[PDB]
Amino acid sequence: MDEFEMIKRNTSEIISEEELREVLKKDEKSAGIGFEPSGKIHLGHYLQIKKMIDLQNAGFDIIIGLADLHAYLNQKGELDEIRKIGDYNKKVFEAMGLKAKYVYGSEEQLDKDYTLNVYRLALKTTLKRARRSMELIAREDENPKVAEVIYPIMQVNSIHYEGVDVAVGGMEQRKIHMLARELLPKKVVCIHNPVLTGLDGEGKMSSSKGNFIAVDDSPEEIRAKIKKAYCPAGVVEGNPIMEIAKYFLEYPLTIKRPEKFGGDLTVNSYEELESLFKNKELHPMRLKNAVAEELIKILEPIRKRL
């Protein structure tokens, strides 16, 4: 019910709870997230988009940032019209149902007033702090580059020119946000979403890793990717199919099971599901076939809307 807990849902960290409550009292508020344009949109993008719609529905005006520059800066893509990728990216977010104010990076990040504050910011940032903020975002080049330390201050100075009271992002962005809370004049609050494990089970879910499900993928592809996933019995930590169960699932839900071995088991909470998978009452194969079907149902509207 309460808009606080609706926002706090599935959020690993909120800095801070109290500070959020004070700016909830304000009449007009803004929340902002930024995405580097990626070819295929995966589930980790959806989870963040969910929380923006939660803030949007809570009265927030939403700013979504497309970091077309950081593609060159972080060597993500040496393509000119990456905006074309971001166009589709912008379209996919609208298909999910988030009407926001999409601000491309190249529009606002070469202005003289902004570039000045970037140097002003570099006057207060130390080399050690900047590298520390990029331990989970950068590429960790053997011969590191000057662009690595420019990425955080541009990230921090962007938050300023967007003036968003709420700054959202993955847990990867925790350190740049703490740096931004230190240097920026206004103390924006930070909402950090959990990092999804991949279907490989070894690393985080990223498109380049290939361990990703796409809202654009075909129903049979979702069946196959899940069928091969790292779903171990008695494992809830590091289990990606259990992560899908925690976030993108709707309760109650019916799991088909013949009565000889148990019976149709309707679950009403992930904590119920977590207790049954941990004590080995539910088999991974059964969990995979169940989680797959709802995901196909949930991503199907977003699919046809494209």
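Counting begins at 1, following the sequence as shown.
Taking the mean C-alpha B-factor of each stretch as recorded, 28-36 and 252-260 are not equal, and the higher mean is that of 252-260.
For the pair 152-160 and 203-211, the mean B factor over Cα atoms is greater in 203-211. Looking at 84, 120, 192, 131, the one whose CA carries the top B-factor in the deposited record is 84. Across 172, 113, 165, 78, the entry's maximum B-factor at the CA atom is seen for 78. The PDB entry assigns residue 177 a C-alpha temperature factor belonging to the lowest third of its chain's modelled residues. In this PDB entry, residue 69 carries a Cα temperature factor that places it within the lowest third of its chain's modelled residues. Annotation for residue 277: CA B-factor lies in the highest third of the chain's modelled residues. In the deposited entry, the Cα temperature factor of residue 271 sits in the top third of values across the chain's modelled residues. Ranked against the other modelled residues of its chain, the C-alpha B-factor of residue 95 as given in the entry falls in the highest third.
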